[PDB]
Amino acid sequence: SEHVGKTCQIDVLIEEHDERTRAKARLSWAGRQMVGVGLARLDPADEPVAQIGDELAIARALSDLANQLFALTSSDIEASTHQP
(Lines give C-alpha, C1' and ligand atoms only; values in the text may rest on other atoms or scores of the structure.)
Protein backbone atom coordinates (compact mmCIF):
# COMPACT_ATOMS: atom_id res chain seq x y z
CA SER A 1 0.00 0.00 0.00
CA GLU A 2 -0.38 2.03 -1.99
CA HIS A 3 1.19 0.83 -5.25
CA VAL A 4 -1.77 -0.10 -7.49
CA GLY A 5 -1.75 1.18 -11.06
CA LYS A 6 -3.67 0.17 -14.18
CA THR A 7 -3.30 -0.39 -17.93
CA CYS A 8 -5.20 0.89 -20.97
CA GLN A 9 -4.71 0.53 -24.64
CA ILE A 10 -5.66 3.15 -27.17
CA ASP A 11 -6.47 1.51 -30.51
CA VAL A 12 -5.31 3.69 -33.43
CA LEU A 13 -6.53 3.24 -37.01
CA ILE A 14 -4.93 5.17 -39.90
CA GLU A 15 -6.81 5.18 -43.22
CA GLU A 16 -5.32 6.88 -46.28
CA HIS A 17 -8.02 7.86 -48.78
CA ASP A 18 -6.48 9.90 -50.63
CA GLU A 19 -5.80 12.88 -50.45
CA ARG A 20 -6.46 12.71 -47.27
CA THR A 21 -5.30 10.51 -44.41
CA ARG A 22 -7.45 10.09 -41.28
CA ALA A 23 -6.68 8.66 -37.87
CA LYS A 24 -9.05 7.46 -35.19
CA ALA A 25 -7.81 6.90 -31.61
CA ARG A 26 -10.29 4.85 -29.55
CA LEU A 27 -10.22 4.66 -25.75
CA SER A 28 -12.69 2.79 -23.52
CA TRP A 29 -13.12 5.03 -20.48
CA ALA A 30 -15.62 5.36 -17.62
CA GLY A 31 -18.02 3.08 -19.50
CA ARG A 32 -17.86 5.08 -22.73
CA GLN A 33 -16.16 4.64 -26.10
CA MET A 34 -14.10 7.73 -26.72
CA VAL A 35 -12.76 8.42 -30.20
CA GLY A 36 -10.34 11.13 -31.20
CA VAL A 37 -10.41 11.91 -34.91
CA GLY A 38 -7.55 13.50 -36.86
CA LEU A 39 -7.17 14.49 -40.52
CA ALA A 40 -4.34 15.51 -42.84
CA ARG A 41 -4.08 17.30 -45.50
CA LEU A 42 -0.81 16.96 -47.52
CA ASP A 43 -0.61 18.59 -50.04
CA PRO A 44 -1.63 17.43 -52.87
CA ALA A 45 1.09 16.35 -54.32
CA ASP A 46 3.91 15.76 -54.16
CA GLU A 47 2.87 13.90 -52.14
CA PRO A 48 4.73 13.16 -49.71
CA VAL A 49 5.23 10.32 -47.91
CA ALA A 50 3.14 8.67 -46.20
CA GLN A 51 4.72 8.76 -42.73
CA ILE A 52 4.18 12.55 -42.60
CA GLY A 53 0.44 12.27 -43.30
CA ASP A 54 0.05 9.36 -40.86
CA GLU A 55 1.89 10.95 -37.94
CA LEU A 56 0.09 14.29 -38.44
CA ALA A 57 -3.27 12.51 -38.46
CA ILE A 58 -2.34 10.57 -35.33
CA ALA A 59 -1.19 13.77 -33.62
CA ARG A 60 -4.53 15.46 -34.39
CA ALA A 61 -6.45 12.36 -33.30
CA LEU A 62 -4.64 12.27 -29.93
CA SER A 63 -5.17 16.02 -29.39
CA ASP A 64 -8.86 15.50 -30.00
CA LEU A 65 -8.98 12.67 -27.49
CA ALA A 66 -6.87 14.63 -24.98
CA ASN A 67 -9.32 17.55 -25.31
CA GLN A 68 -12.26 15.24 -24.74
CA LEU A 69 -10.50 13.92 -21.64
CA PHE A 70 -9.88 17.49 -20.43
CA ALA A 71 -13.58 18.23 -20.91
CA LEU A 72 -14.41 15.09 -18.91
CA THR A 73 -12.03 16.09 -16.12
CA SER A 74 -13.67 19.51 -15.78
CA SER A 75 -17.16 18.05 -15.90
CA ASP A 76 -16.26 15.49 -13.22
CA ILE A 77 -14.46 18.12 -11.11
CA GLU A 78 -17.56 20.30 -11.30
CA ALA A 79 -19.80 17.34 -10.47
CA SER A 80 -17.72 16.30 -7.41
CA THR A 81 -17.94 19.88 -6.02
CA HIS A 82 -20.50 21.50 -6.14
CA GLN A 83 -22.53 19.22 -3.89
CA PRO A 84 -25.03 21.57 -2.08
# chains A, B, ... in the order shown; residues from 1 in each chain; ligands from 1
$ residues_around --residues "segment 66-81 of chain A" --least-positions-apart "3" --cutoff "10 Å" --atoms "only C-alpha atoms" --output "PyMOL selection string"
chain A and resi 29-30+34-36+60-63+84
$ write_last_selection --atoms "N, CA, C and O atoms" --output "mmCIF file, in the first residue's frame"
data_model
loop_
_atom_site.group_PDB
_atom_site.id
_atom_site.type_symbol
_atom_site.label_atom_id
_atom_site.label_comp_id
_atom_site.auth_asym_id
_atom_site.auth_seq_id
_atom_site.Cartn_x
_atom_site.Cartn_y
_atom_site.Cartn_z
ATOM 1 N N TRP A 29 -13.321 4.296 -21.737
ATOM 2 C CA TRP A 29 -13.122 5.027 -20.481
ATOM 3 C C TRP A 29 -14.422 5.390 -19.768
ATOM 4 O O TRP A 29 -15.344 5.934 -20.375
ATOM 5 N N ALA A 30 -14.470 5.086 -18.470
ATOM 6 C CA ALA A 30 -15.625 5.360 -17.625
ATOM 7 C C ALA A 30 -16.911 4.875 -18.283
ATOM 8 O O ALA A 30 -17.922 5.577 -18.288
ATOM 9 N N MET A 34 -14.545 6.407 -26.314
ATOM 10 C CA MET A 34 -14.103 7.725 -26.715
ATOM 11 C C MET A 34 -13.230 7.613 -27.951
ATOM 12 O O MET A 34 -12.337 6.776 -28.011
ATOM 13 N N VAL A 35 -13.515 8.441 -28.949
ATOM 14 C CA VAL A 35 -12.763 8.415 -30.198
ATOM 15 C C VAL A 35 -12.270 9.804 -30.540
ATOM 16 O O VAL A 35 -13.050 10.741 -30.663
ATOM 17 N N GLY A 36 -10.959 9.922 -30.678
ATOM 18 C CA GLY A 36 -10.339 11.127 -31.199
ATOM 19 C C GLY A 36 -10.151 10.957 -32.690
ATOM 20 O O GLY A 36 -9.706 9.904 -33.144
ATOM 21 N N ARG A 60 -3.235 14.772 -34.487
ATOM 22 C CA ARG A 60 -4.528 15.462 -34.392
ATOM 23 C C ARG A 60 -5.601 14.600 -33.715
ATOM 24 O O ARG A 60 -6.428 15.112 -32.963
ATOM 25 N N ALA A 61 -5.565 13.296 -33.969
ATOM 26 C CA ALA A 61 -6.451 12.364 -33.298
ATOM 27 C C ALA A 61 -6.217 12.351 -31.791
ATOM 28 O O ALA A 61 -7.161 12.358 -31.025
ATOM 29 N N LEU A 62 -4.963 12.333 -31.362
ATOM 30 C CA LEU A 62 -4.640 12.270 -29.933
ATOM 31 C C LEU A 62 -4.964 13.573 -29.198
ATOM 32 O O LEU A 62 -5.376 13.536 -28.046
ATOM 33 N N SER A 63 -4.761 14.706 -29.872
ATOM 34 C CA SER A 63 -5.172 16.022 -29.386
ATOM 35 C C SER A 63 -6.654 16.058 -29.137
ATOM 36 O O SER A 63 -7.102 16.588 -28.128
ATOM 37 N N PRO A 84 -24.305 20.757 -3.078
ATOM 38 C CA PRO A 84 -25.026 21.567 -2.081
ATOM 39 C C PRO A 84 -26.270 20.886 -1.488
ATOM 40 O O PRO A 84 -26.956 21.454 -0.630
#
$ atom_distance --atom1 "atom CA of residue 15 of chain A" --atom2 "atom CA of residue 28 of chain A"
20.7 Å
$ select_by_dssp --residues "segment 3-73 of chain A" --states "alpha helix (DSSP H)" --output "PyMOL selection string"
chain A and resi 51-73
$ select_by_dssp --residues "chain A" --states "strand (DSSP E)" --output "VMD selection string"
chain A and resid 11 to 16 21 to 29 32 to 40
$ atom_distance --atom1 "atom CA of residue 51 of chain A" --atom2 "atom CA of residue 22 of chain A"
12.3 Å
$ closest_residue --among "A:45, A:12, A:39, A:52" --to "residue 26 of chain A" --atoms "only C-alpha atoms"
A:12
$ atom_distance --atom1 "atom CA of residue 59 of chain A" --atom2 "atom CA of residue 21 of chain A"
12.0 Å
